[PDB]
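Take a look at this single chain, the form deposited without 2'-deoxycytidine-5'-triphosphate, given in structure tokens.
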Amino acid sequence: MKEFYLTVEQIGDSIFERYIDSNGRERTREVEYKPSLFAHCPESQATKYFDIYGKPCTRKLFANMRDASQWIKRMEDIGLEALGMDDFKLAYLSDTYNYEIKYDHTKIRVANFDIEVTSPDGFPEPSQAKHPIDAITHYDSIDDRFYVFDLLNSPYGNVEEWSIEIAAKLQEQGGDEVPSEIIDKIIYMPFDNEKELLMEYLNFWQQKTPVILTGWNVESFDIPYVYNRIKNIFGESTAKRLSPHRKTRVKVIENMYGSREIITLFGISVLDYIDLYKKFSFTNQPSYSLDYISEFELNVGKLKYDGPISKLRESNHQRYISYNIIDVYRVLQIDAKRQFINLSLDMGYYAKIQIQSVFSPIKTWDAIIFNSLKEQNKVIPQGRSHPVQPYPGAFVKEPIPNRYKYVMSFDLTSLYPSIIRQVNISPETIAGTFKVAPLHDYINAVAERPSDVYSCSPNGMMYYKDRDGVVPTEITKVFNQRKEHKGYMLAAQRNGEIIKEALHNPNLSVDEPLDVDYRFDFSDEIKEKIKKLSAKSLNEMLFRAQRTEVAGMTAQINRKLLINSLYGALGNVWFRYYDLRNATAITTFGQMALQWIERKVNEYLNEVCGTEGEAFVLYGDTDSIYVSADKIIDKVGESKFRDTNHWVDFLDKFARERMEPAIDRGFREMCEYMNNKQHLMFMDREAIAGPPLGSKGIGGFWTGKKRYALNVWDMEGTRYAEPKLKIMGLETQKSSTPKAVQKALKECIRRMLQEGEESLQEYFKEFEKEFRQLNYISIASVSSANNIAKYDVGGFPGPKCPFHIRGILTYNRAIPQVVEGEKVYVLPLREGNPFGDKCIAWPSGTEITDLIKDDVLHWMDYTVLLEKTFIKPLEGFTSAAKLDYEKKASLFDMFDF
């Protein structure tokens, strides 16, 4: 079989590679790679190698990688360009795997692990590793087993062994409810001292060395801590055994507050799952803790345990070990439905890069373009340094703060990559420049046509229309590949149905599943044989068809991500193909496109509605516009509609049959104005929002850029039974917003948009009345404790001290401990309180210690709390929407109705 690599590393003059050989067995080899680079040569020198500009090149084959590195330096000193792939790992992978890689993930050892550490304060510093590791949960994908290393004796407490029988029992039976499916997959190993624990873990590691090392927050805590702990206890040499090549690299990261440590283990690809999640998930959750993402993805309640998390081992060691196991399973569950690990492998093998490079758009695209050009004997340009110069970003319209009853949004398809293809922007397609007028002149089409022969962008750049272009050609390839895999996905879908229709009274005769390609529709002859297969064979065929569907899904999602990350690479000064002029040409064209279409839509709606100078477009952000449909609805007459679904259908039709054609018309004109290579500005209806028919709801409101709320009924063709609240930038989900207030503010917004001012006013009165009976933890706000010592002057706040830091200081005077950088709950205190200040703070996720809890709660300033956390932000919403959360005085007040 075709072999595939696992990991690759460069150590001196050799490439250390772990891979799956022809016999499907994992192996390691050291290769004295002889790299090739290129230098320009005279036309006289005949060759097949040319750079992207068409200039001839000659190949230089080196004896070793060190010589190639020196040569580059020598060329640079002189001033000559040194072309070719300077990252020898990519060159090696490109030469060694000169074919489309077909990998088998079941042979790739993926470890998902977790390291637990008890400490008096509860947030031990990884770079120090001053405390013992008292629990290690290591799930191995090949063995499909959870290895649990449990420390029984510790200076922080001696405990008894974990009970695998108690773990399964339900909550009421005093159990932990460890899923029945994984109970038999647990290998529990108790230890009396940390040294034996760690040494056995280290041996275990040498036998089942991870290829892919993952888990939640593994890069910032687990890895650094175990590496440093082993280093402190057994010495650096022992710690280096965590790397199959005994080579390690410790990088220190600087930040506003402190320094972090990141350990690179040669021979291992670390993919912290929290980062993998943040990169591939198409959302932006207000929190990325395992509990939050678990509830969101798996819809399961966060683990429950009384008391602080740093006290869980001492207070309930049984639940401590059971939960560590469950948390790892949780990550595994999240990967089961999101498939991010596999997505990483798919993307990695596609680009032919180290798997961990998926976190780097420039690295990924560099390899893709490199391998693609190599097939045409084209040589890549040497990377050149560029200063970080800020250039125009996306266009975001300043909205008029107000309520907007009916809104309809439209958006462009893959904007930036489409612009690249439309204008044909690439380093080698630059054809010149033209005298540029102000941007508003192109938007209004008052400026003279830039060029009659070249494709233009509003920033003053011109490109050839006749030439393909490396960047645009590569985008197109990926786009065509996405459709191809989409086709396989659908084919494996129709084939799956043919197999299911057969599972209805299948023949009993014994047979085997057919050897067919599920990516293509079944031929006639295949469908006839399928009519005679037994259930056993059909079920096996269904399993394979689905396996094919998923692979198709992963492949097309991979391509989508590649396309969406390209612009980021092109705007990165470290990208080989970066060009400030091209980055600017893309963004300014984007800005022109949105404002040009905003003018077109306004002109069209004023005409159609017989109005004048009316502003229909109320907001726009990057690739979408929001249109007020109030006038459109009035034109028809609201009493003319039967129900909500009626006006929604009307706007859907109006958008599709009227506005869209006008928009397409507007964009084709812009394309001719800029004389672009091809029209790709495709904008169509996205959402339709408004209040339910016959209600007094306001539908939606904007407070400013990126701050608004909409009551959505339809999203690109899919009609919702229950409207969905689209809320953005109103901080109703922000971690600093108290729990009860997050729910209250949302309810306030739902009522405003769906029921009206009156309903809002009754809920406001209701929440305010109930506020003082809610649990104190649910109404406290949350802040991060940064720079505590800075304002710590003899125990009291120095000048310019933050409100929450002041709280932390009064807490310290009063007395869990507050750890630098960590989060804390904050509560204001009434004047005359015994704590000596206007507020107090304590560790988040915990109750206030008993010695002061009741005093604190008795001095809590509920009024100030309510005003600051609830009323202030609500007032922001209502002022923008022109409403009162409190009924204004009326002449009818003095009456008793």
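Residues carry their position along the shown sequence, with the first being 1.
Gap check for residue 815 to residue 816: 4 to 9 deposited residues are absent from the model. Averaged over CA atoms, B-factors in the entry run higher in 43 to 51 than in the other of 833 to 841 and 43 to 51. Taking the mean C-alpha B-factor of each stretch as recorded, 363 to 371 and 297 to 305 are not equal, and the higher mean is that of 297 to 305.
For the set 109, 806, 581, 311, the PDB entry assigns the largest Cα B-factor to 311. Out of 283, 572, 354, 778, the entry records its largest CA B-factor for 283. Ranked against the other modelled residues of its chain, the C-alpha B-factor of residue 4 as given in the entry falls in the middle third.
Per the PDB record, residue ranking by Cα B-factor puts residue 697 in the middle third of the chain. The entry lists a Cα temperature factor for residue 876 that places it in the lowest third of the chain's modelled residues. Compared with the other modelled residues of the chain, the Cα B-factor recorded for residue 57 ranks in the middle third. When the modelled residues of the chain are ordered by their C-alpha B factor, residue 867 lands in the lowest third.
What comes next is about the form deposited with 2'-deoxycytidine-5'-triphosphate bound, which does not appear here.
When 2'-deoxycytidine-5'-triphosphate is considered in the deposited complex, residue 414 lines it closely, a heavy atom lying within 4.5 Å. Within 4.5 Å of some heavy atom of 2'-deoxycytidine-5'-triphosphate in the deposited complex lies at least one heavy atom of residue 623. Residue 339 falls outside the set of residues with a heavy atom inside 4.5 Å of 2'-deoxycytidine-5'-triphosphate in the deposited complex. The shortest heavy atom separation between residue 482 and 2'-deoxycytidine-5'-triphosphate in the deposited complex is within 4.5 Å. The partner is not drawn, yet in the deposited complex one stretch among 312 to 320, 263 to 271, 482 to 490, 195 to 203 has residues with heavy atoms inside 4.5 Å of 2'-deoxycytidine-5'-triphosphate: 482 to 490. Only one of the listed residues (564, 128, 787, 451) places a non-hydrogen atom within 4.5 angstroms of 2'-deoxycytidine-5'-triphosphate in the deposited complex, and that residue is 564.
Checking 560, 279, 240, 169 against 2'-deoxycytidine-5'-triphosphate in the deposited complex, a heavy atom within 4.5 Å turns up for just one residue: 560.
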